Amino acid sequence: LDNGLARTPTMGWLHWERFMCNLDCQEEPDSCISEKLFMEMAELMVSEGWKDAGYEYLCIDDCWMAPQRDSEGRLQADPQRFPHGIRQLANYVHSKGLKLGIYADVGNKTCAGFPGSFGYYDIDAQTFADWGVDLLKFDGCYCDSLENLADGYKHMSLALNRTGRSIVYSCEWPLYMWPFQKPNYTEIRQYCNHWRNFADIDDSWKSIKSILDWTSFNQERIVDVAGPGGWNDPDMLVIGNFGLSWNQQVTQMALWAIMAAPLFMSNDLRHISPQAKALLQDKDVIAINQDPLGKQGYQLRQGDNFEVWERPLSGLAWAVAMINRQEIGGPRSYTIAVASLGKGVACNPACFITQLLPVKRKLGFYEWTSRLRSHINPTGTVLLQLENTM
């Protein structure tokens, strides 16, 4: 999408995985989807160094809407849970120097049964812009035909442009299209800033593996299309929650950087361990994710329960990720000739290699003739940055 936005992968916070569709504000007032929840995350994004790290978009997922549209056919925030309205919430978020994302659906309903946008693409777009909304996540539930889906995503895309406001456009277009016919990613990129490719993430190592396995399997179809203004979206970061070990959290951070993925955290900033905070705020790794070149990484090789991924960076630098998919035993040794890395120009005639994850450690100079040797924890990942000696 050529609207000048998402020149690097969008970074921010999205409530869905951690808070879902909690409407019980009476017995769980602190976890329910409400204006208060987003106010609290906004404050901590500022005060706990999240904004300084690049996390800029505070996004509302499903279940913010009133059950019905007002008398003039426009969408409504829930009168009890969002009593000051979305525009006033956007004003607050902007006052702290952040941007606001919101959620709508191409179909007749959102996935949680709330009013869909089909038949209202223009008024909804103008409504969002008038509210001061800076991002739109547009879901694909309750849509009958393939044609209405494609027409709807396109219609909304043009509708946003014509508002005149800069609004990052998030699509789930290919996800709802895949089980029927293969997507045109050139067409999708044309209308969308990012696009969800695969099933919802949750708080598990199983989910992460499924995403990595689907991406590497379909990479000849999705890697090259990605670039400034249009990214593949393998869904939210779930680091800082309950279902991932430290090494599995490391694997998600490393690989979502390799994949040039949007970094939308879905966690509770009010309750997050120092360990998870430092990982999510790792400047060197975020910088890899945010590389100006914007070329998505890919899976180099795969065998012996090992995976090697690499991503070309600006200034002849490369990022390399080695995963240990063996879920038994201890740290396993993996060795690769550095000449096989970076299509053969990363370490020619030499390169300096720096480990970034799980810990930052200079490994030194590697000659064109050299072999990189590493021990990787089960379900963990080693992330390296390679600087060519020229």
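Throughout, rigid core stands for the largest set of C-alpha atoms superposing within 1.5 Å between the two forms. Each residue number is its position in the shown sequence, starting from 1.
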Please pick 173-181 or 261-269, whichever has its Cα atoms farther from the shown form in 6 other deposited structures of this protein after a rigid core fit. 173-181
When the Cα temperature factors in the entry are averaged, is it 8-16 or 366-374 that ends up higher? 366-374
Between 241-249 and 158-166, name whichever shows the higher mean Cα B factor according to the PDB entry. 158-166
By the entry's C-alpha temperature factors, tell me which of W309, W231, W256, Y121 sits highest. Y121
Can you tell me which of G97, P262, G303, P83 has the highest Cα temperature factor in the record? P83
Just say lowest, middle or highest third for the CA B-factor of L316 relative to the other modelled residues in its chain. highest
Here the Cα B-factor of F128, set against its chain, lands in the third termed highest
Based on the entry's values, in what third of the chain does the Cα temperature factor of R221 lie: lowest, middle or highest? middle
Compare the C-alpha B factor of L384 with those of the other modelled residues in its chain, then answer lowest, middle or highest third. lowest
Chain thirds of CA B-factor: placement of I323: lowest
